[PDB]
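Trainee: Quick one, what's the 3D model for this:
(chains A, B and C, ligands or ions: 1)
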Amino acid sequence: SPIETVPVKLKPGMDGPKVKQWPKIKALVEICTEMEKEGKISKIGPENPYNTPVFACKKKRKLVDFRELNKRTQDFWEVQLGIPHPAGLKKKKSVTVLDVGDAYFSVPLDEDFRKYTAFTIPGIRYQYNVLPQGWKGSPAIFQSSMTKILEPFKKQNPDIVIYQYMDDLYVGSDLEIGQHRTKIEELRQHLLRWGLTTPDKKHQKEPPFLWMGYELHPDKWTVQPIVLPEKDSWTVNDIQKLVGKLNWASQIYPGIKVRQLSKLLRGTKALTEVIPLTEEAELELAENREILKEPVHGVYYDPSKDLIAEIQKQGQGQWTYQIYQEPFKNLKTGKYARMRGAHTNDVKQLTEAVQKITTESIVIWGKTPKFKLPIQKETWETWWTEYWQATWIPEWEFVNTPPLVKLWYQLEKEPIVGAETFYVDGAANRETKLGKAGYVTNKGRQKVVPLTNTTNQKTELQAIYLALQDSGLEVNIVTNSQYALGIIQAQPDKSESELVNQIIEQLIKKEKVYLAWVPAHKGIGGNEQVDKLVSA
Amino acid sequence: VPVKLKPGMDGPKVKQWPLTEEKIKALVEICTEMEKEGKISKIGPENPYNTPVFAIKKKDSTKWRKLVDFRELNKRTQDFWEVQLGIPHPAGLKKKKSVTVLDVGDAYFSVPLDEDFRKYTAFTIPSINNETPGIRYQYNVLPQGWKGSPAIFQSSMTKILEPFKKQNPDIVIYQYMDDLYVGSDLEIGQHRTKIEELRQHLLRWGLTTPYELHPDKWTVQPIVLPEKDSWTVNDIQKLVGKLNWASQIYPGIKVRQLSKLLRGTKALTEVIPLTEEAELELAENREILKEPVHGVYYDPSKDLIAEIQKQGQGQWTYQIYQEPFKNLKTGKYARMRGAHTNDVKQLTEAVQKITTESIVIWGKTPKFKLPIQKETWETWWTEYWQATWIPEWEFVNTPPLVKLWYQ
DNA sequence: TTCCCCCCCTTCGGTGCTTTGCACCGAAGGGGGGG
Ligand SMILES: Cn1c(Cn2ccc(C(F)(F)F)c(Oc3cc(Cl)cc(C#N)c3)c2=O)n[nH]c1=O
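Mentor: Residues are numbered from 1 along each chain as shown, chains lettered A, B, ... in the order given. See the structure here:
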C-alpha cells in the first residue's frame, strides 16, 4: 500500500492541457468502476478544467492521448542507459523470471500533479490517482520506486542476483533449486508487502526462459526464430524489414552481409515503389538465408577466463568479429560495415572496428578483450609511425588467414634519381563551370585537356591523372594544390569519388611515386609554364 | 553562499560514458563512504541534470580518485568565477625558478553548497551489462572540479595562507581549480623541506592536504631553416615554400632572389649551384628569424587555442595562440616512455604538460585541437589522465600537411 | 487520439576551412527488439 511520492511539476510558463470536452456513459464505466473500486481513478470536480483527449479501444483499453501533457511535463532523466545482453549473464545454477503485473497501476502519483491527468466522460470527471499508462514520467518513476523497494532485499541476500528491466525481475542463484524456490518466496513476500502484486505461480518460468528475441536455456542462449520473408516482388518496405531482421539476427549468426541489400534503398522516392533486385543483392540475400537456415547458439559469461575478439575482413568495407572466451564457443558475434569519411584505407577501418568492439565490450562485460587482428605487426608499425594522427590498438595478436589487410602503395620520401618530373596544374572558371587540366614535364612536353563541369579540385585531380597516365614506372609529380596532396598522401584504398579511385588504381601499378608541393602563383620553376598553359 | 546560473542557459545534461569494471566498482566504494558522511546524497528521476564521472589514479598511488566532468557547468556559471571573484594571475610567476603542485581538494569537502544549486551537480554511476539502472547522486558540499568552488573558498584559502605568506613573502602562491602552485627561489634541497613545512602548516589549520616544475626553462623555440652547401632543386623548392609559409608570421620575410633562381623546368634531384646573392638572402632571412616574433600580446578577454602536431618518432609540437598566425608560445615535447607503452599516452601527457605550462604562464587552460579521432580518444583518455582538471578540446580532421615546424 | 530505451543505414543541414567546393559531424527518417 504505502509508496513514497515523488515531486512532479510542469515546464515553467504554462498550465496543464485543456482539450474540448467530448460527448460508454454506463457500459465503459463498469470497467472504470473496478479501477475506482481499488482506487486507480478518483473523483474530480468542475474546479479542474484541465482535460485530455479520451479514447477507448476494444482489447483483442483506455489509450489516453497525453501528447499535450506529455509535451508540457517537466524533463525526466532517462536512467535506463541500455539493455541487458545474454552474453554478459554469469551461468547461474537456478533461475526464476517474475513478471510484475499491475506495475504502473500500483505506484501513487503526486497529489499536486493528479489534477492534470484528467479524463472527461459525461457529472463525473476522472483523474488517474496512480501512475498513468503512456505518460512521460511513468517509466522513470516506476523504475526508481522498484529500485528503492528492491535495494534492502539485495542487501540482505548478497548471493542472489536480480536483473530489473522496467516491470520485470530476473532472479538467479547458485543455491539449490529447493532452497531457490524458498528464496523466491521471501522475495515475493517482500515485494507484496509494498503493494506490488508479483505472480506466485502463474507467470514464473522454468528453462527455457523467454525475453526480447532471446531464448535462454540452462547452458546456452539464442535468438527467437528469425523468419525472413520470401517473396518475388520486393518493395522498399520489405527491404527495410529484411535489413532490420538481418541486423538483429547478426548478433549470434556468424557471417552476415547486408551492404548490397541496403544499397538498393538508395534513390527511392516513397515507401511503396518496387525496386527490382540486382544479382549482387539477390546472391547476398540467398547467402544470408542459407547461413541463417541452421540453428546457432551463444554461451554465457565466465569471469575466470579472458575474452578473445577475433576480426575478419569480408571484402570491400565489411568486417566481422566473434567475441569468445573458449575456442569455437562464441559469446557474441557482430559486424562492422559503417564507412565514415570519403577517403579511407583498410587499416583505418580496422582500427575503427577495434575501437567499436572495445567500447561494446566495455559496455557489456566490463573488460576489453584480447584482439586477434588480421594485420602484420610490421604493417601496423609502418602505418602508425609515419601517419599524422594518434592511432592505438589495445592489445592484439596476428591472424594468418587471408584476406589480409595491408598497405597498398608507399609514396617515396625523397626525390628519386634519374626519373621524370611532372609539373601539373588545372584551372576552372567560377562562373562558366568549365576548366582545363594540363602538365609540363622536364623534357618540355606539355599536354592539356579541357574539362566540363569540373571545378578547381576536380581539374587538379585530373591533372594528377594525366601525369600518372603519361609517365613511366617511377615519377615525381609536383603540385600547388593542398587538397590534392592531402587526398593522395593518406594512402586511401577506395573513395566515394571515382576519380580518386582511378588515381589509386594507377598508383598501385607504379613502382615508386613521389609528390612534392610548391606554392601557387609565385614563380617556382615549371609553375609559371603550367599556369601560362591553363591561363589561355 | 547563493550561487546562480547565467540566465538563458539550461543546466548540464551530459551523458555518462561506459566504464571499466575496476573503475565502476572503485567508484561505488568511494561514493558509499562519501554518502555516509553527508558529502553526496542520492536523488530520484525528477532531477533532469547529469555530468560524467570516472575514476583515475594519481601518481600510481594504487588508490583511486573520482573526477566529475564539469566542463559544461563551468561554461554556464562562468559569472560566479570571473565576475564575482577570480584571483588575478601573479605576473611574477612567469619568471619564477621552481614551482611545486599541491592538492587541497579535501579542504573543499567542508563548505556546504548552495541549497538550490545542488540539483545541478548530479552524476550517475553506471552498471555492468545494464543490470541495474545507474545509481544517481548529487553533491551536498562544495565539489572538487567546479570553478565555482575556488570562488567560494578563495577567502578561506587566503585567510589560511596569510600567516605563511607573511612569514615567507618570497614564495608566490597561485590557485587553479583545487590545485595550488607554490613558487620558490630557494635551493632545491631546502625547497622540498619548505614545501613540507607549508603542508604541515595547512594541516595545522584543521584541513587535511596531500613535482618540482621549473617555469624558467620554458622559452619560445625559434623556427629553423636547413643549411647545406649542395642545394638541390627540390630542397630549394621546399625552402621557398617554407619562406612563403613563414611570410605571414614574419612580415619581413622576403623570397624573391630564389624565385629568380628557379626559372627552367629542371628536375627535382639534379644539383643546382646556389649563387652568392641567394647566400646573402639566406643569411638575412636567418638574421630575421634570430629575432622573436614582434606584435604578439595577451588579451584576457579572448580565449587561448593550443594546436598540437605529431612529428613521429615520439615527438610532438604545440603552439598556443589567440589571434591566428601570431603564436603566443611554441614548443616541443618528446618522451620515450610513452612509445614503449602506448601512443595515446604520449598525447595525454603532452596535453597535461601544455595545460600546466599555460596555467603557470597565462593563468587559464587552453582550448586544445587534438590530432586524434574522437572515438579512440574518448575511449582511452581516462586510463592515463592524472590531473584533476579537464581542458576543453576539439578534434581536427583535415591533415595539417604544412608540418614545417620540423621539416 | 502507444510512450519511451537501445542498435543499424540514409538524407539533410550546419560548419569550418580546403573557401564557395569539399569533407566532416550530428540529427532526423525508415527498420529491428519489445518492455
Ligand atoms: C537460463 N539460465 C541462466 C541465464 N541467466 C543468468 C542470470 C539471470 C538473472 F537472474 F541475473 F537475471 C537470468 O535472468 C534473466 C536475465 C535476462 Cl536479461 C533475461 C532473462 C529472460 N528471459 C532472464 C538468466 O537467464 N543461468 N543458468 C540458467 O539456467
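Trainee: List the contacts of the closest residue to residue B:161 other than its chain neighbours.
Mentor: Sequence neighbours aside, residue B:173 is the residue nearest to residue B:161 in space, at 5.8 Å (criterion: C-beta to C-beta, 6 or more residues apart in numbering or on different chains). The way it works is simple: take the backbone N, C-alpha and C, and place the C-beta from them, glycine included. Residues counted as contacts of residue B:173 (C-beta atoms under 8 Å, 6 or more residues apart in numbering or on different chains) are B:90, B:161, B:165, B:180-183.
Trainee: From these, which land in helices?
Mentor: The helices, defined by DSSP state H, take in B:161, B:165 from the contacts of residue B:173.
Trainee: and the stretch 351-500 of chain A, which residues reach chain B?
Mentor: Contact residues, the stretch 351-500 of chain A versus chain B (C-beta under 8 Å from any C-beta of the partner chain): A:351-352, A:355-356, A:358-359, A:362-368, A:384-386, A:388-392, A:415-418, A:421, A:423, A:440-442, A:444, A:476, A:478, A:482, A:485-486, A:489-490.
Trainee: switch to 6 Å and redo it
Mentor: A:355, A:358-359, A:362-364, A:366-367, A:385, A:388-390, A:392, A:415, A:417, A:421, A:440, A:442, A:476, A:482, A:486 (C-beta under 6 Å from any C-beta of the partner chain).
Trainee: Quick check: PyMOL command selecting the buried ones in the contacts of residue B:173.
Mentor: Here is the PyMOL command that selects the buried residues among the contacts of residue B:173 (16 or more other C-beta atoms under 10 Å in any protein chain shown):
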select buried, chain B and resi 161+180+181+182+183
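Trainee: just so I have it, where are all the helices in the stretch 101-250 of chain B?
Mentor: Assigned helices in the stretch 101-250 of chain B, in chain order: B:148-167, B:188-204, B:233-247 (criterion: DSSP state H, counting those that start in this stretch).
Trainee: is chain A contacted by the last one?
Mentor: Yes. Applying C-beta under 6 Å from any C-beta, one finds helix B:233-247 touching chain A at B:234, B:237, B:241, B:244.
Trainee: For beta bridges, what are the partners of residue 309?
Mentor: Using chain A. When assigned by DSSP bridges, residue A:309 has beta-bridge partners residue A:323.
Trainee: should've been chain B
Mentor: Applying DSSP bridges, one finds that residue B:309 bridges with residue B:317.
Trainee: correct me, but it touches residue B:315?
Mentor: No. Counting by C-beta atoms under 6 Å, residue B:309 sits too far from residue B:315 to count as a contact (9.3 Å).
Trainee: Contact residues of chain A facing the ligand?
Mentor: Contact residues (C-beta under 6 Å from any ligand atom) of chain A with the ligand: A:84, A:89, A:91-92, A:95, A:97, A:161, A:163, A:170-172, A:207, A:209-211, A:214, A:216, A:218, A:300.
Trainee: Could you pick out which of those are located in strands?
Mentor: A:95, A:97, A:161, A:163, A:170-172, A:209-211, A:214, A:216 (DSSP state E).
Trainee: mind giving me the domain split of the chain?
Mentor: Because you didn't say which chain, this covers chain A. Domain assignment for chain A by curated CATH domains gives A:1-79+A:105-138, A:80-104+A:139-207, A:208-301, A:302-408, A:409-536.
Trainee: Correction: the question concerned chain B.
Mentor: B:2-91+B:117-157, B:92-116+B:158-212, B:213-298, B:299-407.
Trainee: And these: which comes nearest DNA strand C?
Mentor: Of all the domains of chain B, it is domain B:299-407 that lies closest to DNA strand C, at 4.3 Å by C-beta to the nearest atom of the strand.
Trainee: does DNA strand C sit close to stretch A:85-98?
Mentor: No. Stretch A:85-98 lies out of reach of DNA strand C by C-beta under 7 Å from any atom of the strand, never closer than 9.6 Å.
Trainee: what's the span of that stretch, first residue to last?
Mentor: 18 Å (C-alpha to C-alpha, to the nearest Å).
Trainee: List of residues touching that stretch?
Mentor: Contacts to stretch A:85-98, defined as C-beta atoms under 6 Å, 6 or more residues apart in numbering or on different chains, come from residues A:169-174, A:177, A:180, A:184, A:198, A:204-205, A:209, A:214, A:221, A:298, A:300-301, A:331-332, A:364-365, B:129.
Trainee: Now which of the residues you listed would you call buried?
Mentor: Buried among the contacts of stretch A:85-98 by 16+ other C-beta under 10 Å: A:169-173, A:180, A:184, A:198, A:204, A:209, A:214, A:221, A:298, A:300-301, A:331-332, A:364-365, B:129.
Trainee: Quick one: the helices in the stretch 301-450 of chain A, in order.
Mentor: Under DSSP H, counting those that start in this stretch, the stretch 301-450 of chain A gives helices at A:346-364, A:377-385.
Trainee: Alright, I will stop here.
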